[PDB]
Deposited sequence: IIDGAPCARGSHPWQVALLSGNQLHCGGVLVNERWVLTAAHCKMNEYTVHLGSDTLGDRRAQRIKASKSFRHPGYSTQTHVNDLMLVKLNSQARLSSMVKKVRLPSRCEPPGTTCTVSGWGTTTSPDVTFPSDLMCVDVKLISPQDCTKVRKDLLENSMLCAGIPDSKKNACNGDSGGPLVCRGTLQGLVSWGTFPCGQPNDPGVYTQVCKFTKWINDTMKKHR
């Protein structure tokens, strides 16, 4: 996350990280005790999922192996369309005040809405600097028609501001008015240029796919 600040402790109990061993790979969200939602670009042969702490490596965090994952069938490596994936945990996440199911959307929040994006991705660019504490930044929703770099994607940013997501933030949540509205997808490199908004998968357009994919892989 660029030009953000540490998230208030305990305010992201539905946030997870996908690690390759102990190395950050992507963000994600906990859908339920057996499933994580992330970006399709995050695909790996297997994952270690971090839950239950704003600090990576925290001895109190839960770590769970996840062997299986399922991309949305329309995913394009070139256009970034359909950049979402479900990761099946090998063992159930233990729920508590620090591990909670995310609130999925029932409606699409419109352009102009203030939202928050969070992650453990780099805070600098092009030099990488990975924070241990989960970082947050507030950004405003931008229609894909108003987003020069781009019907199921959104952009988000603040006019004349560097605030954005970066490497390591893919798959993490963009939340608005208490619901999940986006997953970080992609943007310009180097990160953090003003008026260069990041692109997100618009979660409200994938309700059916998320529910059905989980039901088809019980």
Exercise. Could you give the ranges of the deposited sequence that carry no C-alpha coordinates?
Worked result: 151-156
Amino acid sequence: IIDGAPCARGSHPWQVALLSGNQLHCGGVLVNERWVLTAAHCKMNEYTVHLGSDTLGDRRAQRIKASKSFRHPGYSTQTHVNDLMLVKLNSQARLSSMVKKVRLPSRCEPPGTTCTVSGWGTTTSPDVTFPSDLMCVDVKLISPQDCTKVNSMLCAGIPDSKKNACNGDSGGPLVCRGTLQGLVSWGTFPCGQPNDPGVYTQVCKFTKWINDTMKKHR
From here on, numbers count along this sequence of modelled residues.
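Only the largest set of C-alpha atoms that superpose within 1.5 Å between the two forms is called the rigid core.
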Seminar exercise, completed: 82-90 or 138-146, the stretch lying farther from the shown form in 8 other deposited structures of this protein by root mean square CA distance over structures and residues, after core fitting, is 138-146
Seminar exercise, completed: Assert higher mean C-alpha B factor (90-98 or 111-119, deposited values) equals 90-98
For this session: Name the higher of the two by mean Cα B-factor in the PDB entry, 159-167 versus 43-51.
Result: 159-167
For this session: Would you mind ranking residue 57 by its C-alpha B-factor against the rest of the chain and naming the third, lowest, middle or highest?
Result: highest
For this session: Ordered by C-alpha B-factor within the chain, which third holds residue 85? Give me lowest, middle or highest, please.
Result: lowest
Problem set entry | For residue 139, the third of its chain into which the C-alpha B factor falls | middle
For this session: Going by the recorded CA B-factors, say which third of the chain residue 12 sits in, lowest, middle or highest.
Result: middle
Seminar exercise, completed: Among the modelled residues of its chain, the C-alpha B-factor of residue 173 falls in the third labelled lowest
